[PDB]
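Okay, structure first, notes after.
Cβ sites come from the backbone with ideal geometry, for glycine too, and all protein chains shown count toward neighbours. Please treat every number below as a calculation from the coordinates, not as lab data.
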Amino acid sequence: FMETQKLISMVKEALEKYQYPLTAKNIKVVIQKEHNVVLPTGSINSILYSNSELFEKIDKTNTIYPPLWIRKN
């Protein structure tokens with residue numbers, strides 16, 4: 001587990017607060033103003049893609065890049 005559950009907790013908190021879809025950079029920058037941390041964006045992508053149960057891309061046609069993400073319904 002280590003510090004990952006912090007990160008998944010942040011990210012949720014970012015998507016909870018801004019009720020439209022977000023890019024992983026959007027989510028990074030939100031996590032950085034709040035909880036005053038400095039994150040790369042790859043660490044968020046790893047979170048986003050490795051937690052299918054929590055997070056999905058809103059566009060399923062592979063047209064939106066960088067992808068927009070939402071809390072799983």
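At a 10 Å Cβ-Cβ cut-off, how would you order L68, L7, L15, fewest neighbours first?
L68, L7, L15
Exposure proxy check: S46, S9 ranked by fewest other beta carbons within 10 Å?
Exposure proxy ranking, most exposed first: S9, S46.
Between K33 and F1, how high is the FRET efficiency from 1/(1 + (r/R0)^6) when r is the Cβ-Cβ distance and R₀ = 25 Å? Nearest 0.05.
According to the calculation, E is roughly 0.45.
From the gyration tensor of the Cα coordinates in the chain, what semi-axes in whole Å does the equivalent ellipsoid have, largest first, with each one equal to sqrt(5λ)?
19, 13, 12
Given the pairs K17/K72; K6/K33; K25/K57; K12/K33; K12/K60; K33/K57, which are separated by over 18 angstrom at their Cα positions?
Over 18 Å Cα-Cα: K12/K60; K33/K57.
Could you work out which residue, out of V29, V38, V11, moves most in a Gaussian network model of the chain, that is, has the largest mean-square fluctuation with Cα springs under 10 Å?
Among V29, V38, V11, the largest GNM mean-square fluctuation belongs to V38.
Within a 10 angstrom radius of the beta carbon, how do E34, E56 rank from fewest other beta carbons to most? Let's see the in-between values first.
Numbers: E34 12, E56 15.
Ordered by Cβ neighbours within 10 Å, fewest first: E34, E56.
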